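> With the input below, show me the fold.
(2 chains, ligands or ions: 17)
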There are 2 protein chains.
Amino acid sequence: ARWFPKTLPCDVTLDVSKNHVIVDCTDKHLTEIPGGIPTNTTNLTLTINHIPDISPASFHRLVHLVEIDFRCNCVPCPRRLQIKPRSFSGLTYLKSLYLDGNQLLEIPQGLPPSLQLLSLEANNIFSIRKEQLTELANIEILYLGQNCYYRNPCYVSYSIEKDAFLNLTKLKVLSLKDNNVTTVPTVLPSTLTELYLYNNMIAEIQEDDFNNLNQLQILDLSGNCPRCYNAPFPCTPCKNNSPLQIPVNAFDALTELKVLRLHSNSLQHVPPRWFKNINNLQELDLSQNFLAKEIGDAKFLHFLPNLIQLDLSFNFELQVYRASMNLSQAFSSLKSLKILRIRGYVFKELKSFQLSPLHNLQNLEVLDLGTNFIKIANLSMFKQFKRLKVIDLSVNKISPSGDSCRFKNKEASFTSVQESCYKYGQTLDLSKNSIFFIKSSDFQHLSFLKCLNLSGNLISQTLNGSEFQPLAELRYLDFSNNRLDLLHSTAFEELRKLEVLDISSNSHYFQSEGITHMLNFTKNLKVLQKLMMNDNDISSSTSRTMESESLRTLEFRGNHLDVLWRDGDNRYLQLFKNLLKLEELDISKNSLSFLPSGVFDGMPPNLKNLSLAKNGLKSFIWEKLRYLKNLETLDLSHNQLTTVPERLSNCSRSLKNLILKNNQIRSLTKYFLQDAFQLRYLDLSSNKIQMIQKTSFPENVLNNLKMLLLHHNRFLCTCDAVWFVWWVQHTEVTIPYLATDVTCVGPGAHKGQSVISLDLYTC
Amino acid sequence: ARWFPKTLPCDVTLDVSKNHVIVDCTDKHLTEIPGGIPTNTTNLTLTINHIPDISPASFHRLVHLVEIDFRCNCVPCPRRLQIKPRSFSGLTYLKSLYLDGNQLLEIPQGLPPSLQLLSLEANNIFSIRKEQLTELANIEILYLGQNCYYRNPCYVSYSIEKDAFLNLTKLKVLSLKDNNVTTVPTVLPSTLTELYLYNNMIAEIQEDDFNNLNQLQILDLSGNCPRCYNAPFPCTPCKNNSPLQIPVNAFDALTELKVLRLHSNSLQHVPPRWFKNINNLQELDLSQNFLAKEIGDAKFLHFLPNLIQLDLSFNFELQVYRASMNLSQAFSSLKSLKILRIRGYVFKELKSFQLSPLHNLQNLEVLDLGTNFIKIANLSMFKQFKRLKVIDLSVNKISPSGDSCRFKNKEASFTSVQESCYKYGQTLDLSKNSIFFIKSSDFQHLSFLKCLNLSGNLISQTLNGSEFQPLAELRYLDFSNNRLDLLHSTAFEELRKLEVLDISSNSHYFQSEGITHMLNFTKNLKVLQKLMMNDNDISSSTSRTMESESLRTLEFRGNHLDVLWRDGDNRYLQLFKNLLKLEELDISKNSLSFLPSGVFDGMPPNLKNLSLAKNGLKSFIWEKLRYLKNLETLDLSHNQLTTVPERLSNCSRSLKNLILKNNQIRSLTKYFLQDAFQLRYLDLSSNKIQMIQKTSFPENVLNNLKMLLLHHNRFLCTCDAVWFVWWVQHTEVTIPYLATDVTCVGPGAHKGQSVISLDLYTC
Ligand SMILES: *[C@@H]1O[C@H](CO)[C@@H](O[C@@H]2O[C@H](CO)[C@@H](O[C@@H]3O[C@H](CO[C@H]4O[C@H](CO)[C@@H](O)[C@H](O)[C@@H]4O)[C@@H](O)[C@H](O)[C@@H]3O)[C@H](O)[C@H]2NC(C)=O)[C@H](O)[C@H]1NC(C)=O
Ligand SMILES: *[C@@H]1O[C@H](CO)[C@@H](O[C@@H]2O[C@H](CO)[C@@H](O[C@@H]3O[C@H](CO[C@H]4O[C@H](CO)[C@@H](O)[C@H](O)[C@@H]4O)[C@@H](O)[C@H](O)[C@@H]3O)[C@H](O)[C@H]2NC(C)=O)[C@H](O)[C@H]1NC(C)=O
Ligand SMILES: *[C@@H]1O[C@H](CO)[C@@H](O[C@@H]2O[C@H](CO)[C@@H](O[C@@H]3O[C@H](CO)[C@@H](O)[C@H](O)[C@@H]3O)[C@H](O)[C@H]2NC(C)=O)[C@H](O)[C@H]1NC(C)=O
Ligand SMILES: *[C@@H]1O[C@H](CO)[C@@H](O[C@@H]2O[C@H](CO)[C@@H](O[C@@H]3O[C@H](CO)[C@@H](O)[C@H](O)[C@@H]3O)[C@H](O)[C@H]2NC(C)=O)[C@H](O)[C@H]1NC(C)=O
Ligand SMILES: *[C@@H]1O[C@H](CO)[C@@H](O[C@@H]2O[C@H](CO)[C@@H](O[C@@H]3O[C@H](CO)[C@@H](O)[C@H](O)[C@@H]3O)[C@H](O)[C@H]2NC(C)=O)[C@H](O)[C@H]1NC(C)=O
Ligand SMILES: *[C@@H]1O[C@H](CO)[C@@H](O[C@@H]2O[C@H](CO)[C@@H](O[C@@H]3O[C@H](CO)[C@@H](O)[C@H](O)[C@@H]3O)[C@H](O)[C@H]2NC(C)=O)[C@H](O)[C@H]1NC(C)=O
Ligand SMILES: *[C@@H]1O[C@H](CO)[C@@H](O[C@@H]2O[C@H](CO)[C@@H](O)[C@H](O)[C@H]2NC(C)=O)[C@H](O)[C@H]1NC(C)=O
Ligand SMILES: *[C@@H]1O[C@H](CO)[C@@H](O[C@@H]2O[C@H](CO)[C@@H](O)[C@H](O)[C@H]2NC(C)=O)[C@H](O)[C@H]1NC(C)=O
Ligand SMILES: *[C@@H]1O[C@H](CO)[C@@H](O[C@@H]2O[C@H](CO)[C@@H](O)[C@H](O)[C@H]2NC(C)=O)[C@H](O)[C@H]1NC(C)=O
Ligand SMILES: *[C@@H]1O[C@H](CO)[C@@H](O[C@@H]2O[C@H](CO)[C@@H](O)[C@H](O)[C@H]2NC(C)=O)[C@H](O)[C@H]1NC(C)=O
Ligand SMILES: *[C@@H]1O[C@H](CO)[C@@H](O[C@@H]2O[C@H](CO)[C@@H](O)[C@H](O)[C@H]2NC(C)=O)[C@H](O)[C@H]1NC(C)=O
Ligand SMILES: *[C@@H]1O[C@H](CO)[C@@H](O[C@@H]2O[C@H](CO)[C@@H](O)[C@H](O)[C@H]2NC(C)=O)[C@H](O)[C@H]1NC(C)=O
Ligand SMILES: *[C@@H]1O[C@H](CO)[C@@H](O[C@@H]2O[C@H](CO)[C@@H](O)[C@H](O)[C@H]2NC(C)=O)[C@H](O)[C@H]1NC(C)=O
Ligand SMILES: *[C@@H]1O[C@H](CO)[C@@H](O[C@@H]2O[C@H](CO)[C@@H](O)[C@H](O)[C@H]2NC(C)=O)[C@H](O)[C@H]1NC(C)=O
Ligand SMILES: *[C@@H]1O[C@H](CO)[C@@H](O)[C@H](O)[C@H]1NC(C)=O
Ligand SMILES: *[C@@H]1O[C@H](CO)[C@@H](O)[C@H](O)[C@H]1NC(C)=O
Ligand SMILES: *[C@@H]1O[C@H](CO)[C@@H](O)[C@H](O)[C@H]1NC(C)=O
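Numbers count the residues shown, from 1 in each chain, chains lettered A, B, ... in the order given. Ligands and ions are numbered 1, 2, ... in the order given. You can find the structure just below:
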């Protein structure tokens, strides 16, 4: 509630339905908590700052607070944060509290009984006692990880007294990652659901370690006795490279377990007895181990019928280069398997019969096989994997056939990189491979491919319309980081159903001058929608115009359009005129010092998104914008403009997203925003503007403005801008960083003063 | 003769034995020829400048000139250079003349009969007539190339009248490269020795084309009907991709021919009848052709018993990936073959039996096989090639086994890149290959290897002293652009005879902090002499000191020595102290803002070459140089020093090569060079110095100075430096760019004035 604040430098978000008020003071360099904080707020953000300590009077009048965040307030900085006694007892409605990165020595006392979450990561608490945990009898989620490890050493092994967590009957999630823990803290409460003991120094597991945990769902034991070969981070292998000793009858009481992580445990064998009782396991991680021989046997896979995810990445043997992948026949028992990763299983040749166990997996979607240094791989063997969604053929050497400060979620699963080409259907990610030329015979029996990534292959070829013949249903093609010779206009002609084409980073042949550059090759593409050819350094073009009846988006950044539009050369003025359906243009970083007269007349009639960022436009004309009757998102950021148009209404009748970020403008015209009621977005940040007059900023136009930025510039706070001073502190226009970034240059003592906090009584 | 010049801005070189005087005015921006040119000069250099034309009075008093160079005086610039009539008749002793890059339309007339060389490259002369060549009856070398091609088009085919060169009885070398020539200009004089007709549009060769040439030694026919696939430069294939039609009885009259170039001719067959008469052929070029099938036959090789060089690079077929290299059995007839290049013959697997024809070549030294995309290659097959000097295993994908403005020489042969490792003996250049780990078994039967290049392989391995076991006699090892984990001090221990080690560009594992970095691994290397570990970004080291009893040179540039020598951290102060025999150090680009006191005491006793370039030394102490009793070549270029030492004699008693290039020094001490008789080299260029006093620059010290630089700085030419003005124009000290780079800041009209050309009579 309370809607209107007075001088708070933190953003306020109101949710009437949720009855939640959010205050975000992230990255504000506040030495002390600012005054005037509303009593109706629910979430308080007090992240990285210069707060010396915490006082009971800080939250004296705040009784509705339900979330306090104090993450990374002192990253190892002055002395450690000190908390006065009874500093949290007054928050009866408190439910969540974060104290990560505060260099605390012991667990704070006096916490309210209503607390449900407590985070104490990146601290110096290496001792756990029941006396300090007595007050936390109603806690549900506990985060005590990253207290003693290589980044934040403490030189003392973690000590937990007997039955420390036993009386925490409400505990559900416990994390002890990177805490130098040697022994699992028995006895954990029976209500635990997620346990995170990974990246510790645990060497053995007892048979009664998880005897009472029946509701556990997620168990993590990574980093115990890890595989330290070629590790880019400090680690200590266990002795004799011994594996993490886990008894056969260890996961017996676990019946609701769903996620089990054993990554980087130096395991050599996986007994089937482990998975005898856990019949509902969904995700299993076994990466960074020594299970190369176990993959050939994989006898334990017969006890996982409901498995969804299986990770076996980077299990290669030392000084061993396998001739082929030895997949066990027990892989056919993974009926519900969806994602499979066999990376780091480096081998020479991949054959069709080696993937036979995966032929009957109906629910399999993703097959990851990248980073395996595969030399010989017949692509026609994938004709049986039509139901697969993503097939990974990454940096391995396949060649053509011959003749705590952020992330409040804390413990979260690894989110897979959702590439832009996955949404189009079947994907064959052949990026960074050893393919140096394209044959139509190689891609035979692959008409089902809706996607094909070939970035980084460094292919030097002159396509004439026959290489991608079998790819009849291809919709997305990636050809970045290659050497494409556009000597013919018939390239990609046989890709009838292609929609998006990426030929970026092909600067090699485009840099050479005097050779033909057929830029009209998009005419044959009937259903092409997006074309990305940026960072190509295109300086000449044999074709006068580019023709396309369906292209809508075109990226032409990082090229040389100045030479194409050189003074006295009108050949390429109407280069984009024939693109009738084009709606977005991205001609940026083209070293365009100036725009010759006539280019705007040659722009497509349906242009709607024009960008000229980072170009260096010394003088950009504005009366020529009348030609563009559909322009809405003109962008001139990071340019060297110096003059605003006399009347924006006379320039464009539809511009609504004008941007002039990081420009050099010292003053605005007296009628800059006169009768411009169609404008919605305006940006003038990072400029050299001095003052704004009333006649240039009418309130009628400013009322409908969604967002306006005037931060990080050189406004002068003198008596000549009383109207501006009154308006900035009495309007509802959303101006970000109003009290943090925009300051006053002068005069004299007014250096660094906040405009919204200015009250010139003498004026 | 004449020894002493007056105001010439060109360097003068005297050779009394050769009676030659050389004047070099290269890159001087001279609008007109300066006055005071000696009459005794022999060679005149008048390269790229702003000379408008040539007048007869330019060489009026010069009668001893024997060489005039006028190369690239106007690169397509004002209008073309105009030569007045009878502008060269007065040079009776002229023998050589260069007029390249002058946009001349016709051959200049009135040349003296004593001329022997004439260069007219990069001009607009596309017509040749006997009338203009009548005056050149005594010429020997003619250069008329690059007159009409893609860089300098003329849109007209070259026209040569019948028997134009017939009467040039003294002609020996003729060049017509890039001249758009269609037909060979019959009839060439019988005294021709070198013919250069390459990069032309010749489509056919007549049987009488070379009927009279019996003394010809070098013949070039490259670029005629060229192979235009993947060409980074403009080219036009002949029609029907026809080959250059050469009759069988074409090289019949040629008996002294030694070099024949047929590179890029689209040849398909090489008849043996071509080489029937040329029994003394030494170098043969057949690259960029379609002789992939001909290599399997190679029937013509039986007629080349005296061949020395054979080039067959880049003859791969389009859309064809050969399974293996098909070398003909006729290769055994090349008894005298020394260098063989089979690059661009892309094939999958290389086997031992495929190199059988080369097993009996006693004189074979270099075997080039790079850029072939070889996948499988057993390195043990090279045990039979012990006599070979260089074996090329370049960017192909071999993996570990599984289970006119310059170049006055004009027409010169392609100089092979002499890598630094070739001088050590047998070389196995395995750079940029697909090797990702090292096994001792792979390098078996290779104990004869004196060199091994492994740069760019990106190998991630933790060597412990057993990988390079069979390489007992290895002396040079290159490991640049890799990922070396120095977790053990026993690395390279088994390389007993190693002398030079290069572990540069291994920044990956060295950038990580907290992992061990055993920098004392050089102790085991008993005979190590040079160690290059630059650009490694080394910021921490587990070993306190580096020990080596034989290391003499150490490159440690592009690292982080500031963190190692951080204030309050004296652990790594004596890092290089134990290097007893070290004589050269290259610690540069280390971001060293300042040198903490004590590092000089920890320097090796025998240090002689110290470099601190591009470091950013805000304040470098000088009294600590007394510790270094053997310093001679101290370098502080591209630094931010501001104060010179009070007395250089008191600082170092052996410094003789002090360098302060690109520094920021405004003034020198009044006793900077007092009693410093041991100094030989001094550099103060690109500084902010204002004036020099007499008491700081005694003549006794300056007499023995070999070289001194005071160019490109901010000297002020007022009346306060009369002594300096007198001394700079009356001393014999070699001061480069004395009248071209060093100018006067002021005062007033004295901007840009030459100090050596200053005469202040009013002072
Ligand atoms: C202001 O502070 C409030 C608390 O003081 C915040 O309310 C919290 O909001 C989160 C959601 O953002 C709730 O989390 C719930 O989690 C359960 C369990 O889901 C678990 O599993 C999923 C994966 O399937 C995982 O993503 C979750 O993180 C959990 O691990 C869900 O079923 C719920 O729908 C909900 O997501 C908290 O319970 C809730 N706390 C309280 C006390 O209600 C509020 O978000 C804060 N607002 C801002 C703007 O920061
Ligand atoms: C000043 O001008 C003088 C002429 O006006 C220059 O004298 C010339 O010097 C060059 C050497 O630099 C002489 O070239 C001769 O070439 C023959 C034939 O060798 C040929 O083959 C070799 C490869 O085996 C090749 O490298 C050569 O370039 C030749 O193509 C050699 O046998 C000789 O030893 C010598 O190298 C000229 O003959 C000579 N000209 C005259 C008229 O004597 C002088 O070099 C100029 N000085 C400077 C500093 O520029
Ligand atoms: C995780 O806990 C283990 C518990 O052992 C820590 O190992 C201990 O580390 C300290 C500090 O390096 C060792 O103290 C050392 O003692 C030697 C004398 O033996 C002394 O010369 C050193 O200066 C240092 O004080 C201690 O011995 C060692 N414990 C054992 C059993 O070896 C480990 O450091 C902890 N990890 C982190 C990141 O804090
Ligand atoms: C085809 O495959 C290539 C390589 O696998 C993909 O390129 C990679 O795309 C990812 C995601 O866009 C890039 O990651 C990003 O890197 C930047 C730094 O450049 C970082 O700031 C981002 O946060 C993100 O991590 C990755 O760099 C890029 N790799 C290269 C070599 O460009 C490409 O996206 C694939 N194409 C399709 C259509 O899936
Ligand atoms: C090397 O010599 C050949 C000799 O044929 C040159 O080819 C000629 O090039 C000119 C200029 O492009 C052509 O003139 C053209 O004529 C057409 C009408 O046919 C006109 O529309 C053009 O505007 C141009 O004026 C000429 O036809 C052509 N000769 C032949 C037989 O095709 C070639 O250009 C020369 N190469 C260089 C680098 O100068
Ligand atoms: C081992 O093989 C590698 C690659 O074949 C060699 O590196 C290459 O060395 C040459 C000659 O030093 C470099 O050429 C130079 O390039 C610079 C530009 O960086 C240019 O300014 C010079 O004029 C010269 O052309 C080449 O760049 C370099 N390549 C790489 C990737 O570094 C290496 O020298 C070999 N090692 C031994 C001991 O022979
Ligand atoms: C694939 O892996 C399986 C299981 O490790 C291998 O089968 C074993 O092979 C060894 C060596 O011959 C025998 O001693 C075992 O008795 C075999 N066990 C079983 C259950 O068959 C198999 O040889 C591997 N195949 C390949 C090609 O490496
Ligand atoms: C990859 O596999 C496919 C199919 O298994 C092979 O296609 C065969 O090609 C030959 C010659 O073109 C035909 O005679 C066969 O009938 C094809 N097989 C089928 C099932 O139709 C292809 O040759 C394989 N690739 C390589 C390099 O061997
Ligand atoms: C596209 O390029 C391919 C590759 O060169 C052409 O295929 C060749 O065509 C020529 C002329 O008909 C034949 O002599 C070759 O035998 C063909 N090679 C192969 C491997 O088939 C193809 O004709 C070109 N297409 C167009 C329209 O230019
Ligand atoms: C793209 O433009 C080029 C010209 O820049 C077109 O090439 C011309 O094609 C016609 C028709 O065959 C020929 O008569 C001309 O001689 C060609 N000119 C050149 C310079 O090659 C090409 O056809 C265009 N492609 C498309 C698909 O429109
Ligand atoms: C290596 O090259 C030789 C010469 O081109 C090949 O020998 C020819 O092979 C063809 C095809 O079988 C025959 O028609 C010719 O009669 C052969 N000529 C001779 C002189 O033998 C040979 O087959 C090639 N070998 C490989 C493995 O490609
Ligand atoms: C590369 O060639 C060498 C020699 O030709 C092979 O060395 C053989 O290795 C086997 C098993 O180690 C021995 O039984 C043979 O006696 C060796 N040959 C000789 C001549 O001694 C080596 O195996 C080859 N590499 C590969 C990958 O096959
Ligand atoms: C250097 O590293 C190699 C590779 O690990 C070591 O060779 C292994 O040594 C262990 C211990 O003796 C054996 O169990 C393995 O069988 C060996 N592997 C191979 C491929 O031989 C070697 O011992 C190490 N040497 C030193 C001095 O540490
Ligand atoms: C290089 O220096 C490291 C120390 O930085 C040496 O490692 C020590 O070796 C001794 C002898 O075995 C051990 O007692 C120490 O515990 C080791 N210290 C560490 C930190 O590992 C290493 O031996 C040195 N190598 C050489 C060749 O001198
Ligand atoms: C124009 O581009 C911006 C870029 O963020 C986008 O937000 C906007 O929706 C685009 N406008 C149209 C009409 O597509
Ligand atoms: C500017 O706008 C006014 C008012 O609509 C109009 O009268 C005038 O013609 C316009 N001028 C230009 C150059 O568009
Ligand atoms: C020191 O290095 C320079 C670098 O050019 C070299 O010329 C000089 O000979 C070296 N001095 C000694 C004594 O090796």
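
> pull the CA atoms of stretch A:80-100 into CSV?
This file holds the C-alpha atoms of stretch A:80-100, laid out as CSV (Å, rounded to 0.1, in the frame of the first residue of the first chain):
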residue,chain,number,x,y,z
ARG,A,80,32.7,-8.6,9.3
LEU,A,81,29.1,-7.7,9.8
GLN,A,82,27.9,-7.5,13.4
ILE,A,83,24.3,-8.3,14.3
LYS,A,84,23.0,-6.8,17.6
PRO,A,85,20.9,-9.1,19.8
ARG,A,86,17.1,-9.1,19.3
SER,A,87,17.5,-7.6,15.8
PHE,A,88,14.9,-9.9,14.3
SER,A,89,12.4,-10.7,17.1
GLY,A,90,10.1,-7.8,16.1
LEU,A,91,9.4,-9.3,12.7
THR,A,92,6.6,-11.7,13.6
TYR,A,93,5.6,-12.0,10.0
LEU,A,94,9.1,-12.8,8.7
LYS,A,95,9.2,-16.1,6.7
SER,A,96,12.4,-15.8,4.6
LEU,A,97,15.9,-14.4,5.4
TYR,A,98,19.1,-14.3,3.4
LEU,A,99,22.5,-13.6,5.0
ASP,A,100,24.9,-14.9,2.4
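
> chain center to it: distance?
32 Å (CA atoms, centre = their mean, to the nearest Å).

> Next one: it, is it in contact with ligand 1?
Yes - looking at stretch A:80-100 against ligand 1 by CB under 6 Å from any ligand atom, the contacts come from A:95, A:96. All C-beta atoms are positioned from the backbone trio N, CA, C, and that covers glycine.

> got the buried residues for that stretch?
Along stretch A:80-100, these residues count as buried under the neighbour rule (16 or more other CB atoms under 10 Å in any protein chain shown): A:81, A:83, A:87-88, A:90-91, A:94-100.

> what's the closest of those residues to ligand 3?
Proximity of those to ligand 3 (CB to the nearest ligand atom) peaks at residue A:100, which lies at 18.3 Å.

> Helix, strand or coil: sort out that closest one for me.
Look at residue A:100: counting by DSSP: H, G, I helix; E, B strand; the rest coil, its state is coil.

> mind listing what it touches?
Residue A:100 sits next to A:70, A:71, A:72, A:119, A:120, A:121, A:122, A:123, A:143, A:404, A:405 when contact means CB atoms under 8 Å, 6 or more residues apart in numbering or on different chains.

> can you give me the helices for the stretch 251-400 of chain A?
Listed in chain order, the helices of the stretch 251-400 of chain A (DSSP state H, counting those that start in this stretch) span A:292-297.

> For it, which segments count as strands?
A:259-261, A:283-285, A:309-311, A:322-324, A:339-341, A:347-350, A:366-368, A:376-377, A:390-392 (DSSP state E, counting those that start in this stretch).

> The third one: how far from the chain's middle?
For strand A:309-311, the distance from its own C-alpha centre to the chain's C-alpha centre is 23 Å (CA atoms, centre = their mean).

> Next: the shortest one.
Its chain's C-alpha centre and that of strand A:376-377 lie 33 Å apart, by CA atoms, centre = their mean.

> Can it be said to contact ligand 8?
No - using CB under 6 Å from any ligand atom, strand A:376-377 stays clear of ligand 8, coming no nearer than 8.3 Å.

> Describe which strands that strand pairs with in its sheet and in which direction.
Strand A:376-377 sits in its sheet next to strand A:347-350 (parallel), going by DSSP bridges.

> The strand it pairs with near ligand 12 at all?
No - shown here: strand A:347-350 not in contact with ligand 12 (CB under 6 Å from any ligand atom), separated by at least 10.8 Å.

> what comes into contact with that strand?
With CB under 8 Å, 6+ apart as the criterion, strand A:347-350 contacts A:321-325, A:369, A:372-377, A:381, B:402.

> Now the buried members of those.
Among the contacts of strand A:347-350, the ones that count as buried by 16+ other CB under 10 Å are A:321, A:322, A:324, A:325, A:369, A:372, A:373, A:374, A:375, A:376, A:377, B:402.

> Pull the contacting residues for the residue nearest to the first one when sequence neighbours are not counted.
Counting by CB to CB, 6 or more residues apart in numbering or on different chains, residue A:321 lies nearest to residue B:402, which is 4.1 Å off, once chain neighbours are set aside. Residue B:402 is in contact with A:321, A:322, A:323, A:347, A:348, counting by CB under 8 Å, 6+ apart.

> What segments of the stretch 601-750 of chain A are strands?
Counting by DSSP E, counting those that start in this stretch, the strands of the stretch 601-750 of chain A are A:609-610, A:657-659, A:681-683, A:707-709.

> And the helices in chain A?
Assigned by DSSP state H, the helices in chain A fall at A:130-133, A:292-297, A:507-511, A:561-564, A:648-651, A:699-703, A:722-728.

> Just want the phi and psi numbers for the nearest residue to residue A:747 once chain neighbours are set aside.
Nearest residue to residue A:747 in three dimensions, chain neighbours excluded: residue A:718, at 5.7 Å (CB to CB, 6+ apart). Backbone dihedrals for residue A:718, given as degrees, to the nearest 10, come out at phi -110, psi -180.

> Tell me the spacing between residue A:718 and ligand 2.
Residue A:718 sits 71 Å away from ligand 2, taking CB to the nearest ligand atom, to the nearest Å as the criterion.

> what about that residue, how many neighbours?
18 (other CB atoms under 10 Å in any protein chain shown).
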